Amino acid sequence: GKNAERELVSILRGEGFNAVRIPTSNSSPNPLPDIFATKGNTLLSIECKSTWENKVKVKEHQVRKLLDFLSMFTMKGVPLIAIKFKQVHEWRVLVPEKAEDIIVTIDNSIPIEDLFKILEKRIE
């Protein structure tokens, strides 16, 4: 839990983002991501999970925290389910459409460096 988050934070920082872990984000009511990160006018709101399976279920209640967090800010806000698929030694992300249950697989996620590219391409 703690270790994967610290790893993601370090990867975010090497991409040029300020990134910070939020500690007791528990099943509690508070709209807080596991990690938030900024670079310029972009804010990331991240649920962070690592697994040795090939899929991960994330619950509506947790996804909703990501979105409620973003809605409080006037920055460009991108919510992410960031998953370390340890089988392939890969960080992948899925951008949630809305607050619902989501099964993240290799097929519906992208490599995190692709996300970084999408953000750069928008800078234009």
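Quick note: we count residues from 1 along the sequence shown, nothing fancier.
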20-28 or 97-105, whichever carries the higher mean Cα B-factor: 20-28
Higher average CA B factor in the deposited record is what I'm after, so tell me if that's 115-123 or 2-10. 115-123
Which listed residue, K76, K86, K65, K59, has the largest C-alpha temperature factor in the record? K59
Going by the CA temperature factor in the PDB record, which third of the chain does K49 belong to: lowest, middle or highest? middle
